[PDB]
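J.: If it helps, the file is called input.txt and holds compact mmCIF, C-alpha atoms and all ligand atoms:
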```txt
# COMPACT_ATOMS: atom_id res chain seq x y z
CA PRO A 1 -29.68 -28.95 57.78
CA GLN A 2 -29.89 -28.57 53.99
CA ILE A 3 -31.31 -25.33 52.57
CA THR A 4 -32.53 -25.28 48.99
CA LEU A 5 -32.40 -22.08 46.95
CA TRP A 6 -35.91 -21.98 45.48
CA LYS A 7 -36.52 -19.15 47.97
CA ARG A 8 -34.23 -16.71 49.73
CA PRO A 9 -32.15 -18.60 52.34
CA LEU A 10 -33.59 -16.78 55.36
CA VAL A 11 -32.95 -18.19 58.83
CA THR A 12 -33.49 -17.06 62.41
CA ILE A 13 -30.46 -15.63 64.23
CA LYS A 14 -29.82 -14.39 67.76
CA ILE A 15 -27.65 -11.32 68.38
CA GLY A 16 -27.44 -8.98 71.36
CA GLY A 17 -30.29 -10.95 72.89
CA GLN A 18 -32.55 -10.23 69.90
CA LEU A 19 -34.05 -12.64 67.37
CA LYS A 20 -33.90 -11.64 63.70
CA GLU A 21 -34.23 -13.10 60.22
CA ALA A 22 -31.05 -13.05 58.13
CA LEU A 23 -29.86 -14.16 54.70
CA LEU A 24 -27.23 -16.91 54.41
CA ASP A 25 -25.17 -15.15 51.76
CA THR A 26 -22.13 -16.81 50.19
CA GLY A 27 -21.65 -13.65 48.11
CA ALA A 28 -21.02 -11.47 51.18
CA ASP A 29 -17.49 -11.35 52.59
CA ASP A 30 -18.68 -10.08 55.98
CA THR A 31 -21.88 -10.10 58.00
CA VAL A 32 -23.91 -6.89 57.81
CA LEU A 33 -27.07 -6.33 59.87
CA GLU A 34 -29.85 -3.76 59.69
CA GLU A 35 -29.40 -0.69 61.90
CA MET A 36 -29.36 -1.61 65.58
CA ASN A 37 -27.94 -0.17 68.80
CA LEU A 38 -25.20 -2.60 69.73
CA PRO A 39 -22.99 -1.66 72.70
CA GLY A 40 -19.21 -1.60 72.52
CA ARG A 41 -16.58 0.14 70.44
CA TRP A 42 -16.79 0.23 66.65
CA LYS A 43 -14.85 1.47 63.64
CA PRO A 44 -16.32 3.18 60.54
CA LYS A 45 -16.32 1.24 57.29
CA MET A 46 -17.81 1.38 53.80
CA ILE A 47 -18.92 -1.71 51.87
CA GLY A 48 -19.87 -1.81 48.21
CA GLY A 49 -22.10 -3.85 45.96
CA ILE A 50 -24.70 -3.32 43.27
CA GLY A 51 -25.76 0.32 43.44
CA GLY A 52 -22.66 1.62 45.24
CA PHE A 53 -21.57 1.83 48.86
CA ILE A 54 -23.14 2.21 52.29
CA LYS A 55 -21.49 3.39 55.50
CA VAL A 56 -21.50 0.80 58.30
CA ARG A 57 -20.22 0.35 61.85
CA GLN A 58 -17.75 -2.51 62.30
CA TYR A 59 -18.08 -4.33 65.62
CA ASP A 60 -15.61 -7.10 66.44
CA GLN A 61 -16.04 -10.35 68.38
CA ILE A 62 -19.85 -10.23 68.33
CA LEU A 63 -21.62 -13.44 69.32
CA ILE A 64 -24.28 -14.61 66.86
CA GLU A 65 -26.32 -17.82 67.05
CA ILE A 66 -27.45 -19.13 63.65
CA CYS A 67 -30.06 -21.92 63.78
CA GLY A 68 -28.59 -23.12 67.07
CA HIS A 69 -25.02 -22.91 65.75
CA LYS A 70 -22.92 -20.39 67.68
CA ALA A 71 -20.47 -18.06 65.96
CA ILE A 72 -18.38 -15.05 66.96
CA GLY A 73 -16.69 -12.52 64.72
CA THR A 74 -17.04 -9.26 62.86
CA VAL A 75 -20.53 -7.79 62.51
CA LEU A 76 -21.16 -4.69 60.41
CA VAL A 77 -24.19 -2.51 61.18
CA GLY A 78 -25.72 -0.03 58.76
CA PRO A 79 -28.62 0.81 56.43
CA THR A 80 -28.66 -2.51 54.62
CA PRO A 81 -32.10 -3.49 53.27
CA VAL A 82 -31.61 -7.05 54.58
CA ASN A 83 -29.77 -8.79 57.40
CA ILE A 84 -26.90 -10.66 55.74
CA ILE A 85 -24.83 -13.49 57.23
CA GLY A 86 -21.49 -13.43 55.43
CA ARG A 87 -18.68 -15.91 54.93
CA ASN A 88 -16.83 -14.70 58.04
CA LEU A 89 -19.56 -16.37 60.11
CA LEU A 90 -20.82 -19.00 57.65
CA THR A 91 -17.45 -20.77 57.95
CA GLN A 92 -17.80 -20.89 61.75
CA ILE A 93 -21.09 -22.84 61.53
CA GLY A 94 -19.73 -25.36 59.02
CA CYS A 95 -21.74 -24.06 56.06
CA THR A 96 -20.87 -25.29 52.56
CA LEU A 97 -22.16 -25.01 49.01
CA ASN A 98 -23.00 -28.35 47.40
CA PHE A 99 -23.93 -29.19 43.82
CA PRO B 1 -18.43 -30.58 44.64
CA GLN B 2 -18.49 -29.31 48.23
CA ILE B 3 -17.34 -25.69 48.50
CA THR B 4 -16.18 -24.25 51.81
CA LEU B 5 -16.42 -20.51 52.37
CA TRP B 6 -12.99 -19.56 53.75
CA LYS B 7 -12.39 -17.94 50.34
CA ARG B 8 -14.83 -16.37 47.92
CA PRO B 9 -16.75 -19.13 46.06
CA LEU B 10 -15.44 -18.08 42.66
CA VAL B 11 -15.84 -20.44 39.70
CA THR B 12 -15.31 -20.41 35.95
CA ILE B 13 -18.41 -19.97 33.81
CA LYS B 14 -18.89 -20.27 30.06
CA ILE B 15 -21.35 -17.86 28.44
CA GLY B 16 -21.65 -16.68 24.85
CA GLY B 17 -18.63 -18.87 24.09
CA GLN B 18 -16.43 -16.93 26.54
CA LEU B 19 -14.98 -18.09 29.85
CA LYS B 20 -15.27 -15.84 32.90
CA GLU B 21 -14.95 -15.94 36.68
CA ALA B 22 -18.17 -15.56 38.66
CA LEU B 23 -19.19 -15.56 42.31
CA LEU B 24 -21.71 -18.10 43.58
CA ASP B 25 -24.02 -15.74 45.46
CA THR B 26 -26.85 -17.31 47.47
CA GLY B 27 -27.90 -13.79 48.52
CA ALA B 28 -28.68 -12.77 44.93
CA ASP B 29 -32.11 -13.61 43.53
CA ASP B 30 -30.82 -12.97 40.00
CA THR B 31 -27.63 -13.40 38.00
CA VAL B 32 -25.82 -10.16 37.16
CA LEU B 33 -22.72 -10.08 34.94
CA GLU B 34 -20.30 -7.28 34.16
CA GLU B 35 -20.56 -5.43 30.86
CA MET B 36 -20.21 -7.75 27.87
CA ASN B 37 -21.61 -8.42 24.41
CA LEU B 38 -24.28 -11.12 24.34
CA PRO B 39 -26.26 -12.22 21.27
CA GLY B 40 -30.03 -11.97 21.35
CA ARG B 41 -32.61 -9.35 22.22
CA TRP B 42 -32.75 -7.68 25.63
CA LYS B 43 -35.05 -5.33 27.52
CA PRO B 44 -33.99 -2.59 29.97
CA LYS B 45 -34.54 -3.46 33.62
CA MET B 46 -33.55 -2.29 37.09
CA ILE B 47 -32.08 -4.21 40.02
CA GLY B 48 -31.38 -3.01 43.55
CA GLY B 49 -28.40 -4.00 45.64
CA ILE B 50 -27.00 -2.98 49.00
CA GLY B 51 -26.14 0.45 47.60
CA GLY B 52 -29.14 1.25 45.42
CA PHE B 53 -30.45 0.51 41.95
CA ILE B 54 -28.60 0.13 38.65
CA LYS B 55 -29.62 -0.07 35.00
CA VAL B 56 -29.15 -3.50 33.41
CA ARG B 57 -29.91 -5.31 30.17
CA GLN B 58 -32.06 -8.41 30.68
CA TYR B 59 -31.28 -11.41 28.47
CA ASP B 60 -33.76 -14.28 28.75
CA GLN B 61 -33.11 -17.98 28.14
CA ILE B 62 -29.32 -17.71 27.96
CA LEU B 63 -27.17 -20.84 28.10
CA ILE B 64 -24.46 -20.67 30.76
CA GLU B 65 -22.18 -23.46 32.00
CA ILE B 66 -21.09 -23.36 35.66
CA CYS B 67 -18.30 -25.82 36.51
CA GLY B 68 -19.58 -28.10 33.76
CA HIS B 69 -23.22 -27.86 34.87
CA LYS B 70 -25.55 -26.41 32.25
CA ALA B 71 -28.24 -23.84 33.00
CA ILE B 72 -30.63 -21.80 30.86
CA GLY B 73 -32.21 -18.70 32.32
CA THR B 74 -32.21 -14.95 32.77
CA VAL B 75 -28.89 -13.09 32.73
CA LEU B 76 -28.67 -9.42 33.69
CA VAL B 77 -25.76 -7.40 32.27
CA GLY B 78 -24.70 -4.12 33.84
CA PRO B 79 -22.29 -2.25 36.12
CA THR B 80 -22.09 -4.87 38.86
CA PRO B 81 -18.85 -4.90 40.90
CA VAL B 82 -18.46 -8.63 40.20
CA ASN B 83 -20.07 -11.36 38.13
CA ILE B 84 -22.56 -12.99 40.51
CA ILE B 85 -24.47 -16.23 39.93
CA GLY B 86 -27.89 -15.87 41.54
CA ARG B 87 -30.45 -18.35 42.78
CA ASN B 88 -32.26 -18.38 39.43
CA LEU B 89 -29.30 -20.39 38.09
CA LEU B 90 -27.97 -21.95 41.30
CA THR B 91 -31.24 -23.91 41.52
CA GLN B 92 -30.80 -25.25 37.98
CA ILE B 93 -27.42 -26.79 38.82
CA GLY B 94 -28.88 -28.29 41.99
CA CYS B 95 -27.07 -26.03 44.44
CA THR B 96 -27.86 -26.18 48.16
CA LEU B 97 -26.51 -24.77 51.42
CA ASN B 98 -25.55 -27.31 54.07
CA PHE B 99 -24.50 -26.84 57.70
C1 LIG A 101 -22.91 -7.94 45.17
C2 LIG A 101 -22.12 -9.01 46.01
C3 LIG A 101 -20.74 -9.32 45.39
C4 LIG A 101 -21.97 -8.58 47.47
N1 LIG A 101 -23.29 -8.44 48.11
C5 LIG A 101 -23.99 -9.72 48.61
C6 LIG A 101 -25.14 -10.14 47.65
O1 LIG A 101 -25.58 -11.39 48.00
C7 LIG A 101 -26.32 -9.15 47.71
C8 LIG A 101 -27.00 -9.16 49.07
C9 LIG A 101 -28.29 -8.34 49.06
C10 LIG A 101 -29.54 -8.99 49.00
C11 LIG A 101 -30.73 -8.24 48.98
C12 LIG A 101 -30.67 -6.86 49.02
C13 LIG A 101 -29.42 -6.21 49.08
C14 LIG A 101 -28.23 -6.97 49.10
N2 LIG A 101 -27.30 -9.60 46.75
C15 LIG A 101 -27.57 -8.85 45.52
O2 LIG A 101 -27.04 -7.80 45.30
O3 LIG A 101 -28.48 -9.43 44.63
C16 LIG A 101 -29.08 -8.60 43.65
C17 LIG A 101 -29.19 -9.50 42.27
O4 LIG A 101 -30.18 -10.36 42.52
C18 LIG A 101 -31.17 -9.57 43.45
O5 LIG A 101 -31.46 -10.24 44.48
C19 LIG A 101 -31.10 -9.36 45.80
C20 LIG A 101 -30.68 -8.18 45.40
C21 LIG A 101 -30.35 -8.31 43.94
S1 LIG A 101 -23.53 -7.03 49.08
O6 LIG A 101 -24.91 -6.97 49.61
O7 LIG A 101 -23.40 -5.81 48.31
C22 LIG A 101 -22.32 -7.11 50.46
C23 LIG A 101 -21.04 -6.57 50.30
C24 LIG A 101 -20.14 -6.64 51.34
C25 LIG A 101 -20.51 -7.24 52.53
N3 LIG A 101 -19.54 -7.32 53.65
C26 LIG A 101 -21.78 -7.77 52.69
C27 LIG A 101 -22.69 -7.70 51.63
```
As structure tokens - that is how I would like this structure written.
Ligand SMILES: CC(C)CN(C[C@@H](O)[C@H](Cc1ccccc1)NC(=O)O[C@H]1CO[C@H]2OCC[C@H]21)S(=O)(=O)c1ccc(N)cc1

T.:
Amino acid sequence: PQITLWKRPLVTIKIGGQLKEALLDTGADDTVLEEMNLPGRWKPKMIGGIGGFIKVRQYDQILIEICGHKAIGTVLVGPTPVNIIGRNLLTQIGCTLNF
Amino acid sequence: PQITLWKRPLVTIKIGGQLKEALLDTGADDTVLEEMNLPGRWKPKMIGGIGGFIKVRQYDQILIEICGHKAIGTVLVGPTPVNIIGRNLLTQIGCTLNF
């Protein structure tokens, strides 16, 4: 589809058998999701933006479905205020900026 | 143009007569630029990011050119890790997400 930017680009995603709302964020290098209890191994990581850094858990090869489009890659989990779909997965669903 | 997301969507902007690199950031409601001198009045404001809140100077009705496209709107200036172009300006240049 085509998503205008009048409002926040929030879409429904599916991860770990759960449905969530997430932001399609071209400004985010990597996907970061609100705290959740994913199974599997993970590695600690810190990501920075406006306001400083937060500590997150980096899971690899996580399957995410974004508006019916399937994607698999790195998913960070931590105390982010919003679920954020980053470029690492936006590329896998064929997402582009157009103006 | 059509911008893919394998790399950061960085573009050259023109503001206050100066050229700069900025990130097209669909996850940002507002436009936040690194420290710089801008003409015109400004009020103190606060914005929150993934890591907390920062102090910024709010400039209203600022002309800014993004890849040749002209926009006039609010520009926040403060200690952001990177110049980000938010939806308040992305809408003015007719920017959309497409997948
Ligand atoms: C600052 C950017 C270069 C990077 N950020 C993505 C960005 O889209 C955030 C993503 C974001 C969105 C909402 C809340 C927190 C973070 N938006 C943001 O900070 O916007 C602020 C300015 O306009 C306002 O609108 C939202 C917050 C304000 S980030 O959240 O810090 C981030 C950094 C690294 C990763 N892997 C994932 C996300």

J.: May I ask you to extract the residues of chain A within 10 Å of chain B, using all atoms listed in the file, and to give them as a PyMOL selection string?

T.: chain A and resi 1-10+23-29+47-55+67+69+79-82+84-99

J.: Could you jot down the atom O6 of ligand LIG 101 (chain A) to atom CA of residue A:65 separation for me, Å, one decimal place?

T.: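 Computed distance, atom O6 of ligand LIG 101 (chain A) to atom CA of residue A:65, equals 20.6 Å.
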
J.: Mind giving me the straight-line distance from atom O2 of ligand LIG 101 (chain A) to atom CA of residue A:77 in Å, one decimal?

T.: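 These two atoms are separated by 17.0 Å.
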
J.: Return the single residue from A:63, A:36, A:13, A:56 that is closest to ligand LIG 101 (chain A), with distances computed using only C-alpha atoms and all ligand atoms.

T.: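 Smallest distance to ligand LIG 101 (chain A) is found for A:56.
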
J.: Quick one: pull the distance between atom CA of residue B:73 and atom CA of residue B:59, Å, one decimal.

T.: 8.3 Å
